[PDB]
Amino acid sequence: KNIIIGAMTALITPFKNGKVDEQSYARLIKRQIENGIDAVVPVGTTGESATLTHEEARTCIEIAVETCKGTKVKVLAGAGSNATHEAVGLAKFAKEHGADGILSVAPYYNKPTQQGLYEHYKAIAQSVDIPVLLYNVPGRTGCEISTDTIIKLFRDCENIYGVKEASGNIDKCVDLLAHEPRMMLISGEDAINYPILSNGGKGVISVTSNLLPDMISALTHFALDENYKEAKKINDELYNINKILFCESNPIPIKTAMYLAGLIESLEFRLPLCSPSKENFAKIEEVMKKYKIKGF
């Protein structure tokens, strides 16, 4: 199987006067390349994929693919949908626009059954050639892809090579890798990056990496080399910022943090997302000064 692993970033999408700041986007992706990141994930949840237009989603994949040409950094494009026909289309679009793979979230809101989740992902898997990473975040979708369904898709569809887990469920990650160790388990929960990697996970898709890509990079590569003491040390150091980045729903804190660090020009969200409270803004602003934040 073809795979995409290592330290990966769920890219924020900066806005300037309500439009996608394309030059900011490219500069942030380059900031990622130059700080040890192995792959960038455009138009995911952290990128406010829900409120983007298809030309903006398609444009930001193109910006990512183009910025990454000439590097080992791969483009794992966000291409999920709660409608199978749209998820297949976005998989085809990313594949035809140069993405090295796709990250496909479980259908949200319409709560498909385990049988329905299998047929949904098989439809995507059979529709394109690029690797496909399952994305399970039940707290946002209303549904979970069970361990059985994840393993079945990994064994039945060749392009499906693993799953980004944001389940806060270390038991499920044992369960997953204990019955199918050839799968690529990706951490979708920054605070528990090391515990997931330590059990055989082969990478992370991080929100924290947006601000401190060097430390997320170092953590993952320390861990992949089984230097578990150094990997755990960064994990422990990162805990305060890993948590504070979820004082409010992602990506409200990270974009607040990016603005505070001067890495984006404006603190703009598309509704229903909005700037955090004044309290959390102060909490985000304080925890930051305990970390060394890289620039461009």
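Sequential numbering from 1, following the sequence displayed.
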Inset, instruction - Return whichever of 150 to 158 and 169 to 177 has the greater mean Cα B factor according to the PDB record. - result: 150 to 158
Inset, instruction - With reference to the PDB entry, specify whether the mean Cα temperature factor is higher for 216 to 224 or for 127 to 135. - result: 127 to 135
Legend entry - Largest Cα B-factor, entry values, listed residues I37, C247, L238, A64: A64
Inset, instruction - Among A57, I234, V41, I252, single out the one with the highest C-alpha B factor in the record, please. - result: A57
Inset, instruction - Divide the modelled residues of the chain into thirds by Cα B-factor and specify which third, lowest, middle or highest, holds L90. - result: highest
Inset, instruction - Pull the Cα B-factor of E96 out of the PDB entry and bin it into the chain's lowest, middle or highest third. - result: highest
Inset, instruction - Give the position of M8 by CA B-factor within its chain, expressed as the lowest, middle or highest third. - result: lowest
